[PDB]
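This document starts with one chain, in the form deposited in one PDB entry, laid out as structure tokens.
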């Protein structure tokens, strides 16, 4: 049983939810966590979704080495310096990302416009060795991801791909994980080092008021092509720099999903990614025809699987139905199906949905289409409720004086901004200081930073001033405390 309340001690709630559901195990190296099958299966599902989608775009998978030489990297990094006891003459780094590993090869492979576009992806893990507090799934020292890297003859084609991938990330979060996200452009201070423009999808954790970057898609432009001499010839033979993109998304997505839909009973997993969509729990009275009940459960499982419903029967005789109900609730199975002698006699089954607890009596003949309908209802309900919480979590403001009250309500702020990079640094420092003072009156950082400049922009009145500098505002920008 989960016993911390999600709305009272969120940190303890999260730990209990992911440990008691058997998703994670701890490890004696800080910032690294074991992903057990209950979590890993969800990763496999979103991996298959994204892989199928980028394959349709002509992206192909590959595998590049986990090590990068010092001079290539330096053209929060873990450095290998010894094999056994023998020092290496040049230290080598574990990849935090693979631009410097892949792009010398790109420079070799690309010669003609006929070689473009080049589109590669790899599924691997990377290491970003930071000393700040790690969080299971959300912010870890090693994490699983995919990184895609493309090169194009024109900036416009590269940008179109940046946005196509960002839309795939929106679908990963909203359509698979039922997590609402906001598409936007990163600030100059927050964009990828060396890139031209970084786009992002941002999510929100209401219980601690924090934004979090859900995935990222970078227009690198010609910057890395200049760095690595990646050029192509047109048909007349003139050499030009390629235009590049890089994009990535990680197991952070699972953590965001967990935090968005979980409740006081534990996990709630959206049906579209749940490894068990329906758990069948037979009633096993000592004084019943148990073989008949179990046989009917097997028949129902076969029937549901013909509709591609993922089913598990928990026929263990050493646990009670009440124990099983709690067990699979903690694990987030979206539907429970109960079958006992009285149901058998009626030709029906009792189905309980995990998100609301509502129960249904459903005839066996109706079971497959009704459960498909119910699972789409659960998926949409999880998304719509999360989207309403996202909406309620964003305050539209006009001046910096409104920031700290809004942050104290654990909200994000949407504010007109002049987009001066110095002003973002100053806002970060000032909000951190004010947060510290408030903490001392009270008995992760308190700084507010930009999350993104949203693609969907409210109207900007003619003389609207920047909320911090008073200079002419340029765009509406989303800010908050952040991971």
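Here the rigid core means the biggest group of C-alpha atoms that line up within 1.5 Å when the two forms are laid on top of each other. Positions refer to the first chain, counted from 1.
The following text describes the form deposited in another entry, which does not appear among the structures shown.
Peer 1: So which one of 130, 401, 358, 376 actually moves, Cα shift of 2 Å or more between this form and the one not shown once the core is superposed?
Peer 2: Between the two forms, the residue that moves is 130.
Peer 1: With both forms fit on the core, is the shift of the CA atom of residue 331 between this form and the one not shown 2 Å or larger?
Peer 2: For residue 331, whose C-alpha is compared between this form and the one not shown after core superposition, the shift is less than 2 Å.
Peer 1: Honestly, after the rigid core fit, is residue 31 moving at least 2 Å at Cα between this form and the one not shown?
Peer 2: Yes, the C-alpha position differs by at least 2 Å between this form and the one not shown.
Peer 1: Given a core-based superposition, decide whether the C-alpha of residue 164 shifts by 2 Å or more between this form and the one not shown.
Peer 2: For residue 164, whose C-alpha is compared between this form and the one not shown after core superposition, the shift is less than 2 Å.
Peer 1: Your call: residue 314 and residue 287 CA atoms, closer or farther in the other form versus the shown structure, by 3 Å or more?
Peer 2: Relative to the shown form, the pair is closer.
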